[PDB]
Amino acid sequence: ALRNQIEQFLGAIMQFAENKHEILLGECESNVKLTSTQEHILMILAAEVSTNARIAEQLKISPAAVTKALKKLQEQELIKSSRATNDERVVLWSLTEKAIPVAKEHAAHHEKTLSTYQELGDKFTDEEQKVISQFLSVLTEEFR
């Protein structure tokens, strides 16, 4: 029965992420029209001023998709270009004042998702959460 439940559970995630890149539980409270990745790019740029290369490394997406998402992001006056004193085809990205609340929302939407996972876990005792933790460790390794 557990074999069929694991197949069912993984199947539900498949349907849920047929067009999404990341899993975010709840609804997006952003007033601006931006995709999952686009809003996340603003989130990582808020904490640290990142280059075109680091965005691809953090998001785990292709640099071709990065330039495609960054061009639509700078179009809506959300991100601004910057270049170092020792240029080695280096393009640093900075966050504008227009993007600051959007990045704040996504960071809150990520902690909102984790808090819902925390609740589901808190239904079980410390010794029960260990059994779940051990399972999710073995299962996650099949997808690595």
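Residue positions are given as counts along the sequence shown, with the first one as 1.
>> Tell me which stretch, 73 to 81 or 106 to 114, has the higher mean Cα B-factor listed in the entry.
In response: Averaging CA B-factors over each stretch, the winner is 73 to 81.
> Quick one: higher average CA temperature factor, 5 to 13 or 19 to 27?
Replying inline: Going by the record's values, the stretch with the higher mean is 19 to 27.
> Lowest, middle or highest third: where is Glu48 by Cα B-factor in its chain?
Replying inline: Its C-alpha B-factor belongs to the middle third of this chain's values.
> Based on the entry's values, in what third of the chain does the Cα temperature factor of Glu119 lie: lowest, middle or highest?
Replying inline: Ranked within chain, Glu119 CA B lands in the lowest tercile.
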